[PDB]
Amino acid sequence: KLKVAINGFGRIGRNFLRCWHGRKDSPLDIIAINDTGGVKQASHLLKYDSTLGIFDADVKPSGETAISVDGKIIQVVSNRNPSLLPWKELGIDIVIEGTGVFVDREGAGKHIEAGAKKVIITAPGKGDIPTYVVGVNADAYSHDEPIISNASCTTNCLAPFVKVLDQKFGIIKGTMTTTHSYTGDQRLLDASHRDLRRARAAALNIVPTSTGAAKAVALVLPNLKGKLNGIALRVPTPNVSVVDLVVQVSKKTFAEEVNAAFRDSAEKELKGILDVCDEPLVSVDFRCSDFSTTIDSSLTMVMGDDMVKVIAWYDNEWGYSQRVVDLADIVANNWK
């Protein structure tokens, strides 16, 4: 029954709530929201969405500082400083830190320093916070870990099949590239940004941008430490991204055999986290996919026997969020 509170009602924040909402028999009961805005912005944006559609549920406010979804009320606080959050009276158990600003014990800690018991950063932890990727290493979570990370959207996609590949062929060293949808972090029109490239208009460019996914994988898959690298390319699409991976394996193989493996894993250990699509689909079609990674079998290639090329799809907001809900259940199942 662990009470939950969502810090940062942005894309992931609202996508998270919607994911949870449709869950049958959840161990989570979310009853609190924080973001620079108030019940106004909240109630509206949880109902209307230019990507997920109109959220099918009664979304109206309650008090000039709370709202209600299909009944259940949920306080809607509005303080930019976590330390000052009513987490101690609302009996808040888990916090979903998704403001993208408080990503180090330094920060997220404030949530505990406010009454909450745990924090789950919907992004890579800064420094040395336990990072988990469901289906890969989240089973390795331990209750005495106050602040933890669910990794980035790219890492959750990449980890799952990089795992299979290493397990069945052995990754010797690889390269990656993810053609990613544009995110809030980008400028609508050439404005200022710490990064010159991310500063350029998102809806009109192919934007080269750095990623720590190739590296972050080594956290959840230790045998991949120092074996992967790669970049990102932000493109004029609002949601759903794709990761183009190229590895040198130890076991000589062929395209058909790789796809076979992914399917075996898709039906067993990675059941619900990995999928293989055997149809000529495009980005939009992958919107709302509960899978962390879905392979484009047709696209898979093997050059010169051991240089494999795999291309996977994923919904960075909805997909990720479904995994964050999952991690949270794990937490709530090993509570102490």
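We number the residues from 1 along the sequence you see.
As listed in the deposited structure, the average C-alpha B-factor of 248-256 and of 191-199 is greater for 191-199. Here 280-288 and 28-36 are compared by their mean Cα B-factor, and 28-36 comes out higher. Per the deposited record, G127 carries the highest C-alpha B-factor of all listed residues (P222, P160, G174, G127). Within the group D275, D306, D296, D56, the record's highest C-alpha temperature factor is found at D56. Compared with the other modelled residues of the chain, the Cα B-factor recorded for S43 ranks in the highest third.
Among the modelled residues of the chain, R23 sits in the highest third by CA temperature factor in this PDB entry. Placement of the Cα temperature factor of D139 within the chain: highest third of the modelled residues, per the deposited record. The PDB entry assigns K227 a C-alpha temperature factor belonging to the middle third of its chain's modelled residues. Sorting the modelled residues of the chain by their CA temperature factor places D166 in the lowest third.
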